[PDB]
Amino acid sequence: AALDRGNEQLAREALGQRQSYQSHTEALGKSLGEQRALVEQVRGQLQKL
Amino acid sequence: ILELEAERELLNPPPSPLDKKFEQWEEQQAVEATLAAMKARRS
Amino acid sequence: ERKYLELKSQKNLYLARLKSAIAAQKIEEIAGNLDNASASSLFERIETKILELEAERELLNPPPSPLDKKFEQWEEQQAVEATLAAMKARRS
Amino acid sequence: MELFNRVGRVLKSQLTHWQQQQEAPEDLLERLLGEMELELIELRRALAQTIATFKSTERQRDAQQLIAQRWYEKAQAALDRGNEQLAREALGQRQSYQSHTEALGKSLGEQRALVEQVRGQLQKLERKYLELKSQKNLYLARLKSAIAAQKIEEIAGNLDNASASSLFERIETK
Amino acid sequence: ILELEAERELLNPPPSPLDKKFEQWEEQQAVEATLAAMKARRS
């Protein structure tokens with residue numbers, strides 16, 4: 001609702017603050033997906049072993 | 001103090017004038033393109 | 001008297017910068033202990049140690065070949081189609 | 001041997017060097033991060049010391065302007081009754097305090113940048129410290145996994161050839 | 001006293017000028033929009 005009432009200036013400031021946290025989400029998000037392969041493959045070894 | 005901080009510059013390379021532009025240049029999209037979805041989604 | 005007090009004010013300000021700098025010196029001097037030829041490079045040494053060990057498995061236990069990747073997949077096609085061929089014919 | 005006498009001549013010191021190696025650099029890595037926690041608070045207190053001083057000068061600016069305001073308070077009605085001579089004397093006294101206000105005022109604004117930038121470093125640095133700590137266990141686990149996955153397949157060598165499962169083939173020959 | 005309170009500022013970050021506006025700006029709705037229902041419900 002920040003953009004409401006046609007006060008876009010307030011919305012721009014809030015959105016700019018959002019991107020700071022988004023970068024962590026992207027950097028953290030990719031790592032979580034990458035780590036999924038590691039846990040699965042090691043478990044595959046254990047089951048086979 | 002001047003001696004020590006310079007070690008950080010070599011040890012940790014500082015942002016370049018290009019990386020000042022990349023962040024700002026992509027920030028324009030990061031604010032406009034993001035707000036472009038805003039001005040279209042919640043239009 | 002004004003000069004004496006005025007100087008005293010700056011004493012702590014740059015003792016704080018000196019304290020900040022030295023407290024901001026050890027933190028980034030430690031940062032050197034992270035990245036290169038240091039803990040986070042030993043972090044890259046252990047991975048190399050990991051690389052050394054797994055190679056022993058490859059020699060000690062030969063890995064699947066690209067042919068054995070195809071044999072399993074190629075026969076898997078029958079193992080799924082030929083098996084399902086009986087399924088699509090038995091339970092038709 | 002020359003070297004051998006040195007090892008025995010200081011065995012305590014040479015065993016400490018071995019302790020450094022057998023204490024894995026990961027094991028020392030843990031203690032390394034402990035020292036950073038000591039410094040992080042030191043920077044935390046060091047920064048607060050800077051915060052204390054700059055606003056302390058802010059009150060001094062407030063105090064001086066209030067006195068100048070007090071002189072201005074007299075100037076509020078000093079000019080009245082057409083006795084400008086009295087007003088001139090009071091105004092002249094005001095400028096003495098104004099100079100401090102200008103000199104002190106500029107410093108307060110300048111110091112604002114210093115406190116903000118140093119805090120920016122702390123916020124950026126604190127994230128870096130925790131971020132690294134997260135990876136510590138992840139690869140200690142891979143190191144633990146690898147070493148725990150090293151002995152298991154190094155043992156696998158003890159099975160197949162010239163080993164237990166070859167002695168398994170020796171007994172058959174027997 | 002000045003030294004100690006600054007620890008709170010670092011330890012507990014204070015409200016920002018933006019968060020002064022967010023609360024006030026949304027308070028306008030929180031009073032007007034809420035009262036908008038009031039002036040419409042109990043009209």
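Heads up, the Cβs are rebuilt from the backbone with ideal geometry, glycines too, and the neighbour counts pull from every protein chain shown. Each value in this text was obtained by applying a stated rule to the coordinates, not by laboratory testing.
log₁₀ I(q)/I(0) of region D:88-129 at q = 0.31 Å⁻¹, via Debye over equal Cα point scatterers, no solvent, to two decimals? With no solvent term, the Cα-only Debye profile gives -0.93. For Cα pairs less than 8 Å apart in space and 6+ apart in sequence, what is the mean separation divided by the residue count of chain D, i.e. the relative contact order in percent? Answer for chain D is 18 percent. Gyration tensor analysis over the Cα atoms of chain E returns equivalent ellipsoid semi-axes of 38, 9, 6 Å (largest first, whole Å).
Rounded to the nearest 10 degrees, what's the angle between the helix A:8-48 long axis and the longest principal axis of chain A, both from Cα atoms, 0 to 90? Roughly 10 degrees between the two axes. The helix-only estimate of mean residue ellipticity at 222 nm for chain A, built from DSSP H runs of length n ≥ 4 each weighted as -39500 (n - 2.57), is -31000 deg cm²/dmol after division by the residue total. If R0 is taken as 56 Å, the Cβ-Cβ distance between D:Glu154 and A:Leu28 corresponds to a FRET efficiency of 0.95. Across all Cα pairs in region D:61-174, the calculated P(r) in 5 Å bins from zero up to the longest distance comes to 2, 9, 8, 7, 6, 5, 5, 5, 4, 4, 4, 4, 4, 4, 3, 3, 3, 3, 3, 3, 2, 2, 2, 1, 1, 0, 0 percent per bin.
Here the convex hull built on the C-alpha positions of the protein assembly as shown has a volume of 401 cubic angstrom per residue. Per-residue ellipticity at 222 nm computed for chain C from its helices equals -31500 deg cm²/dmol, with DSSP H segments shorter than 4 residues left out and the rest contributing -39,500 (n - 2.57). The smallest convex shape that holds all Cα atoms of chain C, its convex hull, gives 196 Å³ per residue. The tail of the calculated P(r) for chain A, taken as Cα-Cα distances beyond 12 Å, holds 72 percent of the pairs. Would you mind checking D:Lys12/D:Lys144; A:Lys30/E:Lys21; A:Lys30/C:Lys70; B:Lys20/E:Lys21; A:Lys48/D:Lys144 for any pair whose Cα atoms are more than 24 angstrom apart? Among D:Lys12/D:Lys144; A:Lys30/E:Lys21; A:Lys30/C:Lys70; B:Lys20/E:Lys21; A:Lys48/D:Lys144, the Cα-Cα distance tops 24 Å for D:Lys12/D:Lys144; A:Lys30/E:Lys21; A:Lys30/C:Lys70; B:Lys20/E:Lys21.
Bridgeable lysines around D:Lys55 (alpha carbons under 16 Å apart, same-chain partners fewer than 8 residues away excluded): C:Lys8, C:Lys11, D:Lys106.
Each of B:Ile1, B:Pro13, B:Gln29 was placed along the dipole of chain B (beta-carbon charges, centred on the mean Cα), and the one lying farthest toward the positive end is B:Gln29.
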